[PDB]
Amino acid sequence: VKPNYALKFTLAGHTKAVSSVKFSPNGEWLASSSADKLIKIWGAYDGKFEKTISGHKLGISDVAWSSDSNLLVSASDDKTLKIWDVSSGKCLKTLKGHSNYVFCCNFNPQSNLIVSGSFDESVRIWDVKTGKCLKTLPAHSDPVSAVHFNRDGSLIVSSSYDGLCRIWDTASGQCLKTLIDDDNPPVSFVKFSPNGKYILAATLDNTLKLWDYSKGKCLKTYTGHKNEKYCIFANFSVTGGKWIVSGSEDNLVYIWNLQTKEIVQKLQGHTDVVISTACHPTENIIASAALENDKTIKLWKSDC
């Protein structure tokens, strides 16, 4: 099998580089964050502008949806996170605690917690209801590039430019495991597989790796793309064929066969680094977003 993603929409709304695009769990919306201090909500199927959400004092590096698709959390250079009522665009909570740029964020599957990573080299765990920081994990020795809950919510995976990938116990905050590469390249992105068994880790040596963190063995390796400078999102595509999907610094979207590790498709259209890619929860739809020279969001549809 081979995917046939084709360009359906190009969304131009941000005046600065886009940083992150995420689909709502209910499949209705796409949220985009940008260096222009703004969040925008679009229709996932038609690209129709729904709303602009503002309030952050500086640029935004990441956004994430709650499981009920009602809340958004955003991570900003203004050292804070913000919890937003999507339907009103009102800031429900301002998460204060980090001492530098907040770079990455995610809700847990229950959506009672938020995990954040920061340029202050720490990973924080916040209570959604009260907005209070529950835990501060002294996670890394460099800016935290990604943070992600497993499907059970009990584990938090984190990555950093320091070369480490860590598995943390959510309940205790203890570093349950530490993945180590002897060559130690900066880890620019990490994410649990949709089964919690593996983690997909990007390193700034033009490499993606599917790791079994338990045994500490690299199961898969995906190459061909360019990634040496930016923290580019990667994804497990599961609605059709089992793909690995990632942006690239050569302006392309790369799609690999997960098992064979072969590049099965390259999506062309962006004219700057494709910093972000996301996969629709139910449909074979990919969203992509690019940096300053581009500033657009693109939606791609495939049959398989």
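The term rigid core refers to the most C-alpha atoms you can superpose between the two forms while keeping them within 1.5 Å. From 1 onward, residues are counted along the sequence shown.
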Comparing 142 to 150 and 180 to 188 where Cα RMS over structures and residues is taken in 9 other deposited structures of this protein (core fit), larger one: 180 to 188
Say the other structures are aligned on the rigid core; which stretch then has the higher CA RMS in 9 other deposited structures of this protein, 163 to 171 or 212 to 220? 212 to 220
Quick one: higher average CA temperature factor, 1 to 9 or 294 to 302? 1 to 9
Stretch exceeding the other in mean C-alpha B-factor - 211 to 219, 227 to 235: 211 to 219
In the PDB entry, which of 92, 146, 175, 72 has its C-alpha at the highest B-factor? 175
Have a look at 188, 116, 136, 193 and flag the one whose Cα has the highest B-factor in the entry. 193
What third of its chain, lowest, middle or highest, does the C-alpha temperature factor of residue 106 fall into? lowest
Relative to the other modelled residues in the chain, which third contains the C-alpha temperature factor of residue 43: lowest, middle or highest? middle
Chain-relative C-alpha B factor for residue 246 (record values, thirds): the middle
Where the record places residue 140 (Cα B-factor, split into thirds across the chain): middle
Modelled-residue ranking by C-alpha temperature factor, third containing residue 157: middle
